[PDB]
Amino acid sequence: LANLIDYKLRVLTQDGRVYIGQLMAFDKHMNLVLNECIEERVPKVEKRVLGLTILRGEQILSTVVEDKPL
Amino acid sequence: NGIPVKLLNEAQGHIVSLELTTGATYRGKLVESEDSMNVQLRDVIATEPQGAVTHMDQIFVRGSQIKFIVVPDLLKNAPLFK
Amino acid sequence: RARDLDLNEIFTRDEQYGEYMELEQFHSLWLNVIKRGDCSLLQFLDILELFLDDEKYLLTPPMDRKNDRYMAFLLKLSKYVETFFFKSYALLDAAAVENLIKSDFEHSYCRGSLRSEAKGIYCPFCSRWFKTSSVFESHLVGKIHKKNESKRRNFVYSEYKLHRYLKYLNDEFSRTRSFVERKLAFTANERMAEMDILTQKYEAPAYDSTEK
Amino acid sequence: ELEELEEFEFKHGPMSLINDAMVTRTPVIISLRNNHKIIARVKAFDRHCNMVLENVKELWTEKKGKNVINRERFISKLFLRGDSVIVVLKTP
Amino acid sequence: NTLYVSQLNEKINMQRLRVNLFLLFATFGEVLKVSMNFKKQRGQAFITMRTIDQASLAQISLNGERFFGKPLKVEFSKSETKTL
Amino acid sequence: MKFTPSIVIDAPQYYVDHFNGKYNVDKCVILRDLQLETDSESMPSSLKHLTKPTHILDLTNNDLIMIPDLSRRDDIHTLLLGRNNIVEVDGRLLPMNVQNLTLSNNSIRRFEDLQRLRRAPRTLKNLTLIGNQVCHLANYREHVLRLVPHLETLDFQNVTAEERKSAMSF
Amino acid sequence: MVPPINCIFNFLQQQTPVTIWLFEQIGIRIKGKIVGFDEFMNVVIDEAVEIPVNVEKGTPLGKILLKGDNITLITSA
Amino acid sequence: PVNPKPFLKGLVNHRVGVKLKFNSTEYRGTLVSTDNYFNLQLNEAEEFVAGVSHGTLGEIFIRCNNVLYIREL
Amino acid sequence: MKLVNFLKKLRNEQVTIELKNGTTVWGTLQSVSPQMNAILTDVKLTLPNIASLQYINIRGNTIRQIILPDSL
Amino acid sequence: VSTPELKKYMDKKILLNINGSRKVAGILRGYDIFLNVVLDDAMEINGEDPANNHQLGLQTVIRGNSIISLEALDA
RNA sequence: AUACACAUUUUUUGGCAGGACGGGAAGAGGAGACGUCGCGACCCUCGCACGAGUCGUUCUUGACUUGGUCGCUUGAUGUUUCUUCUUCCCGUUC
Ligand SMILES: [Zn+2]
């Protein structure tokens, strides 16, 4: 997971919503802080710019490498 | 403690937005954040999944119930880049 | 010219570039087909052996050759064996082989290629024998045989292919069956180390920095 | 001492079903939370009811545009999480 | 490296203004600025450019260009951009 | 000279300002997925090594004659075509969700040459033709509106129902 | 202004009939007397009754050990 | 104090039935044993779904987590 | 003992993980965390139409079951 | 185990919203490490419109794990 | 550089249940709330700095405080209740 740091990553939430943002830090619970994170729902349609977010590890399903870091 | 917990403690005194497991959104000034993610919030504007919006003075939600928070970008500078 | 050519995208690890053919998967599907568990990997291979014979797979079928599940399975398996065959022998003209088999199918197989001194002439499509060649010929125009040859053509042909391709691969079939028995008679540590070996062979450069 | 007491409690407790399953190599059927069922032999288990199962046959129930049909498949080497377990039945 | 533009139709939303500005000024060189910091519109946009020659070329070539109904006025910024 | 994959691999690749993502194209010349600027691109080709991760394509300052030879790119939203010599447009462009096209300062002469832009389904919201000879021809604006009503903003001016109706009247 | 465990303890002593609201279930709620509890809030409840709200009926269950996880809201009636 | 653990120990070796949170399944059988985390082992078990007998399961294990309550029968 | 260690042994193994949400995963285990968080490469993934992904990390609690090779 | 800093809320009337879209109102009595709460003068607000005084003085207990959130009616 | 992570806030869970297509328009027998971000403008407003504002020391850092409104003249979107045909044009496929 440490390798994934600073990358643009795609997390899938527990509710099916897809979040995309830079991975700044993690923790034990897999709580993630995502910089410049935006939300996509259906697939672009229904995209919103959230900004800096924490996500809770209890909600996270999976993560995948989206793009390289800024 | 978690590094994100440390950030969230830095977020105190700022305006944050919270989405809970129900889906309601609470925007307002975060008074206090415990290690367990329990948060005390002020002057909250709430938007329900139906779209209805309410105002409330003081709100305190359990950590476990929070889906996610958005905090201001001021904090993004440091010291979590390390 | 072929710098982006990769065998691992053509062969699975259990096939070891043509050393073995992975039939465990088909053993699974087979269990699903027979609707039980009385069938072991080795008993399944024992079943496959039928298709090395020119008559067994026809006159001593594992299941009734008009069963759906069975015919579907046989299709999938046949396809696998064929692709494996040409996959493991790139250098031989695929089209040549294909046409050879097809012509053998048309000129002999469907022409009473299976003959018995007692029962006469067997027909793959109707699964019946015939006294003499005469009644056999006048049966190849009958509404029955028309129906069958018109419905079960693809299956019959696929069966046949499974037959001849498995014959051409007898050495690989035996090699694998052997492998099965070996792994089966291993211990835990043994089986583990062996798997390690197959893996290494799979993810190793085709040319070592230390070759002559 | 503590380890001993843990293994013993495990032995005479409800776990005795899955312990018995591994030692006898007997088939057991597992009702899961996915509304799928797994009949198999117990290769290994865990305090969380994490399991390694062999000769797996999972049965399930599917609805279509007509009568409900049961569907089933064979998975020879199956590892299973411990929270999916609703119930583990041991039977002749 | 940064150019100060003003006299623009403020009726355009922020994100569309920024996307059209980046679009228009990409012809001279890479625009480094992602977003208008000033968040007040009324023309007052700053465009940051990686090389200086692209800033000068944009300034001379796009003076008084009709952009969303209005001829834009372009000048060099008083101070250096934080990102530079 | 040619846009080839060897070039595709190693240009200044980064994220747009707009946070639009991409991976750029410069072994010695013309680029893609970011800054396709100033390396004398004659004909677009070999977009496949772009392999889809790109929101934007800054083609400006090349010698492009026409816009064909676009592999299927789902991700590409913005094309910055400025300062080329685009005479014609392909037609079967249809890269779904191409929202923005920048034709500024090119050489598209005829109204009819603009026809292929109608194919862009409902995504081509922003199109800028300013700097072309076709702009001078009579009823240019109205013909673009009647031809591609999908455009929401033309030449950085917004469509408006008034000239939509005038475009209907003629 | 008393901890909930002491509240439950006074339910224990008073032997009052108790109504529990379960988790994520509005349809049914359980009722009966608290004869004992543990640290996990599992409760032995005597003369317990299932009360479907959907006039109300119910099923007499007798003695019950109810797991504390279901517990949403413990009350007195 | 009479704790759930002693009540349950006294309930061992007795005919019981257990209603799960789902209520989709109840199990009636002899209570063989229960552990400190309260997983349940029953014998001769019978499954009652929607209050009707589904079938006779026999020696059965119940994950603690699924248990809504247990009652003696 | 701890089966999670048995998963730790499973690096470079090709597996099909069914998940509690019903999702199917297919890929080579690069590592599994003790949380049973599984990192895989060369993964085809089917949500309940397959998406092909270079690397996928999964939170362990979401994993329903993992189907291992029979050769193991 | 941490204790929730609920002292500021003590002896205040609060609207608790709870799982299952349930909502109750009552004066915050006690709490514990577990976030379990004692509420006096508890009143259930059913989904319809009426409200029932469940625990006027007898007081109720709400498991903290079920407590979605808590609003302060007073200041 | 070299024991533990199943009993309330995180990972051992309250979860489960010629033919077709796709637009856009017309003619006949989808429509109400409640929100949240956009095309235009008769409007507001009028400017270089922001994250902003001040100071100590030195050629660059450390401390301390704290688009909004109206239309859409058929813009885009998630609750949540209730009850299709025909014709013409433009794209894909065979
Ligand atoms: Zn015949």
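Residues numbered from 1 in each chain as written, not as in the entry; some residues may be left out. Chains lettered and ligands numbered in written order. Part of a larger assembly, values for the part shown. Heavy atoms only, no water. Residues with missing side-chain atoms left out of burial classes, pairs and counts.

Determination of this PDB entry was carried out by cryo-EM to a resolution of 7.2 Å, according to the record.

How we decide: UniProt positions are given in the numbering used here, feature names are shortened, and annotations may be inferred rather than shown by experiment.
The PDB entry lists chain D under the name Small nuclear ribonucleoprotein Sm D2, with Saccharomyces cerevisiae as the source organism. Per the header of the deposited record, the title is "Structure of a pre-catalytic spliceosome". Under the heading Function, UniProt records this for chain D: "Plays a role in pre-mRNA splicing as a core component of the spliceosomal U1, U2, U4 and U5 small nuclear ribonucleoproteins (snRNPs), the building blocks of the spliceosome." If you open the UniProt record of chain D and go to Sequence similarities, you find "Belongs to the snRNP core protein family."

Chain B is annotated in the PDB entry as Small nuclear ribonucleoprotein Sm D3 from Saccharomyces cerevisiae. Comment text from UniProt for chain B, heading Function, reads "Plays a role in pre-mRNA splicing as a core component of the spliceosomal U1, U2, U4 and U5 small nuclear ribonucleoproteins (snRNPs), the building blocks of the spliceosome. Also binds telomerase RNA and is required for its accumulation." For chain B, the Sequence similarities comment in UniProt is given as "Belongs to the snRNP core protein family."

Digging into the overall build of chain B
The following threshold applies: To qualify as a helix, a DSSP run of H or I must reach at least 4 residues; to qualify as a strand, a run of E must reach at least 2; elements of each kind are numbered from the N terminus. Atoms counted for the radius of gyration: C-alpha only. Globule rule: 2.2 Å times residue count to the power 0.38. Only protein chains enter the calculation, and the probe is 1.4 Å; a residue is then buried if its accessible area is under 20% of its type maximum, exposed if over 50%, and partly exposed in between. We call two residues contacting when some pair of their heavy atoms lies within 4.5 Å. We get accessible surface area from the Shrake-Rupley algorithm with a probe of 1.4 Å; when it comes to residues, only the shown protein chains can shield them. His is not counted here, nor are the chain ends, while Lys and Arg score as positive and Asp and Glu score as negative. Here the site of a charge means NZ on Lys, CZ on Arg, CG on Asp, or CD on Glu.
Check the secondary structure of chain B and you find 1 helix and 5 strands. When the helices and strands of chain B are read in sequence order from the N terminus, they spell out α-β-β-β-β-β. Relative to the 2.2 N^0.38 estimate, which gives 12 Å for 82 residues, the radius of gyration of chain B is 13 Å and therefore close to what a compact globule would have. Taken along the three principal axes of its C-alpha coordinates, chain B extends 40 × 25 × 20 Å. By residue count, 49% of the 82 residues in chain B fall in the buried class. The long-range fraction of contacts in chain B, counting pairs at least 24 apart against all pairs at least 6 apart in sequence, stands at 42%. Taken as a whole, chain B presents about 4,100 Å² of accessible surface, with 54% of it coming from carbon and sulfur. Charge centroids of chain B, computed over 8 positive and 9 negative side chains, lie 6 Å from each other.

Details of the protein's contact with RNA strand K
Quick reminder of the rule: Only a single heavy atom is needed: when it lies within 4 Å of a molecule or strand, its residue is near that molecule or strand. Any pair of nitrogen or oxygen atoms within 3.5 Å is treated as a polar contact; in protein, a donor-acceptor pairing is required on top of that, and neighbouring residues in sequence qualify only through side-chain atoms on both sides.
Close contacts around RNA strand K come from 91 residues, with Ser36 and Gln50 of chain B, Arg16 of chain E together with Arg92 and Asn158 of chain F the closest. Counting only the atoms of RNA strand K within 4 Å of the protein, the fraction contributed by sugar and phosphate is 54%. Here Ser64 of chain B contributes a side-chain N or O atom positioned 3.5 Å from a sugar or linking oxygen of RNA strand K. Contact distances for RNA strand K include 2.5 Å between a sugar or linking oxygen and a side-chain N or O atom of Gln44 of chain E. Only β1 (2–6), α1 (14–25) and β5 (73–76) of chain E provide two or more residues apiece to the surface near RNA strand K.

Section: the pattern of salt bridges
Quick note on the threshold: Any carboxyl oxygen of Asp or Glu within 4 Å of a side-chain nitrogen of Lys or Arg constitutes a salt bridge here.
In this structure the tally under the stated criterion is 33 salt bridges over all chains. Note that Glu15 of chain C and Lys87 of chain C form a salt bridge whose closest N and O atoms lie 3.0 Å from each other. With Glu15 of chain C in the segment before α1 (24–34) and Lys87 of chain C in helix α4 (residues 68–88), this residue pair connects regions lying 72 residues apart in the sequence. Given the relative accessible area of 2%, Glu15 of chain C is considered buried. The salt bridge partner of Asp69 of chain G is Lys21 of chain H, with a shortest N-O separation of 2.4 Å. Remark: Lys21 of chain H occurs in the loop between β1 (15–20) and β2 (26–34) and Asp69 of chain G occurs in the loop between β4 (59–66) and β5 (73–76); the pair is interchain, linking two chains. Linked by salt bridges that have partners in common, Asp15, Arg17, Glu39 and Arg41 of chain A together with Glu19 and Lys67 of chain B make up one network.

Looking at the sheet that holds β5 of chain E
Sheet strands line up and pair through hydrogen bonds in the backbone, either parallel or antiparallel. All names here are of chain E. Going by this rule: Any two strands between which DSSP finds at least two bridges are classified as paired. Each axis is a line fitted through C-alpha atoms, taken for helices only over the stretch in contact, and angles between the N-to-C directions span 0 to 180 degrees.
Read across the open sheet, the 3 strands follow the order β2-β1-β5; overall the sheet is antiparallel. In this open sheet, the two strands that pair with only one neighbour each are β2 (45–48) and β5. Across this sheet, the average inter-strand angle for adjacent strands is 30°, counted without regard to direction.

Some points on unusual backbone geometry
In this chain, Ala78 of chain B is followed by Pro79 of chain B through a cis amide linkage whose omega measures -15°. Secondary-structure assignment places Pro79 of chain B in the segment after β5 (66–70). Despite not being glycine, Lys52 of chain F has its phi angle at roughly 105°, a positive value. Position of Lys52 of chain F relative to the elements: it lies in the loop between α1 (5–9) and β1 (56–58). Accessibility expressed as a relative area gives 47% for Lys52 of chain F, which makes it partly exposed.

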